[PDB]
């Protein structure tokens, strides 16, 4: 398991705006915001889950990216937890925004390449997953 080993974050991410998380329910999900990639680039993480926590914490520190989160969701991301999506975008017990890889690891997609990571709602991810 490569996602459970240490690695270094790389990549540019993409400029996103206001309702960046609203895009997480459409298309291939939202990209990692450029400012978050700027903060995590060249840092070493112990696992993908360690990277995932840093993403949400960096989100909590970014006034533009976190301003559309309500106070309860802001408390969550400040602890490095994924923010809850709207109920109608959850799937069973999957209630929070997810980080997934665009090109799968088995095909050469890199674990910590921030341009290969997308943010999805559980609902969008299951749709993508079912069409494979």
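Residue numbers count along the first chain shown, from 1.
90 to 98 set against 27 to 35, stretch whose average Cα temperature factor tops the other in the entry: Stretch with the higher mean C-alpha B-factor: 27 to 35.
With reference to the PDB entry, specify whether the mean Cα temperature factor is higher for 53 to 61 or for 66 to 74. Per the PDB entry, the higher value belongs to 66 to 74.
Where does the C-alpha B-factor of residue 82 rank in its chain, lowest, middle or highest third? Middle third.
By its CA B factor, does residue 110 count among the lowest, middle or highest third of the modelled residues in the chain? Middle third - that is where residue 110 ends up once the chain's C-alpha B-factors are sorted.
Would the CA B-factor of residue 124 place it in the lowest, middle or highest third of its chain? As the PDB entry reports it, the C-alpha B-factor of residue 124 lands in the lowest third of its chain.
Please rank the C-alpha B-factors of the chain's modelled residues and tell me whether residue 3 sits in the lowest, middle or highest third. For residue 3, the deposited C-alpha B-factor lands in the highest third.
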